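Note: hydrogens, waters and symmetry copies are ignored here, and every other heavy atom, side chains too, is used. Quick note: residue numbers are just sequence positions, from 1.
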Amino acid sequence: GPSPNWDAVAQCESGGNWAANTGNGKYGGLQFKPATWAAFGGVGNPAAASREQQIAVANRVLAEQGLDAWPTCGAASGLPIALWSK
């Protein structure tokens with residue numbers, strides 16, 4: 001079973017701050033935009049959601065969009081980009 005390293009992706013995206021909310025239009029450890037978070041079943045502010053809830057919503061984004069949803073940081077997942085970009 002694959003296990004994307006979302007902690008690694010979060011380090012890339014936010015410096016590992018699962019509660020990131022700096023005013024750049026992105027939220028939480030994985031820097032979700034609100035329209036993507038809502039679209040994949042997230043509610044409220046991603047920065048208020050647990051790491052585990054954030055990861056749950058990322059796993060859904062991955063299945064539908066691939067690691068293209070994190071175009072620079074996706075490689076840090078440890079999944080081969082050539083196979084998981086879509």
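Closest approach of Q65 and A69 over heavy atoms only: OE1-CB, 3.4 Å. Across all their heavy atoms, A8 and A76 have their closest contact at CB-O, 3.3 Å. Across all their heavy atoms, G28 and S14 have their closest contact at O-CB, 3.9 Å. The shortest non-hydrogen separation linking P2 to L79 is CB-CD2, 3.9 Å. When every heavy atom of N21 is checked against every heavy atom of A47, the shortest pair comes out as CB-CB, 4.1 Å.
Just one of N17, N24, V9 meets the side-chain contact (heavy atoms from CB on, under 4.5 Å) condition when paired with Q31; it is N24.
For residues 35-63, the pairs satisfying ring pair (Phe, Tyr, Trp, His ring centres under 6.0 Å) are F32-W37, with sequence neighbours left out. Among residues at least two apart or in separate chains, disulfide bond (SG atoms under 2.5 Å apart) pairs with a member in residues 50-86 are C12-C73. Residue pairs meeting the salt bridge (charged side-chain N to carboxylate O under 4.0 Å, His left out) criterion with at least one member in residues 43-66, sequence neighbours excluded, are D7-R51.
Using a distance-only test at 3.5 Å, with no hydrogens or angles considered, a donor-acceptor pair links the side chain of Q54 to the main chain of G29. Between the side chain of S85 and the main chain of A82, no donor-acceptor pair closer than 3.5 Å is present.
To the nearest 0.5 angstrom, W18 atom CH2 is 10.0 Å from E13 atom CD. Taking CH2 from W84 and CG from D68, the interatomic distance works out to 13.5 Å, rounded to the nearest 0.5 Å. Taking CG from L67 and NZ from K86, the interatomic distance works out to 11.0 Å, rounded to the nearest 0.5 Å.
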*Could you walk me through whether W70 and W6 pass the ring pair (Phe, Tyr, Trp, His ring centres under 6.0 Å) check?*
CA-CA 11 Å; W70 292 270; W6 292 117; 5.0 Å; yes
*asked:* One pair to check against side chain to side chain contact (heavy atoms under 4.5 Å, CB included): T36 and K33. What are the steps and the verdict?
replied: CA-CA 6 Å; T36 308; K33 281 169 187 165; 4.2 Å; yes
*Decide side chain to side chain contact (heavy atoms under 4.5 Å, CB included) for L30 and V57; before the verdict, give the C-alpha distance in whole Å, the side-chain angles of both, and the deciding distance to 0.1 Å.*
CA-CA 10 Å; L30 304 166; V57 179; over 6 Å; no
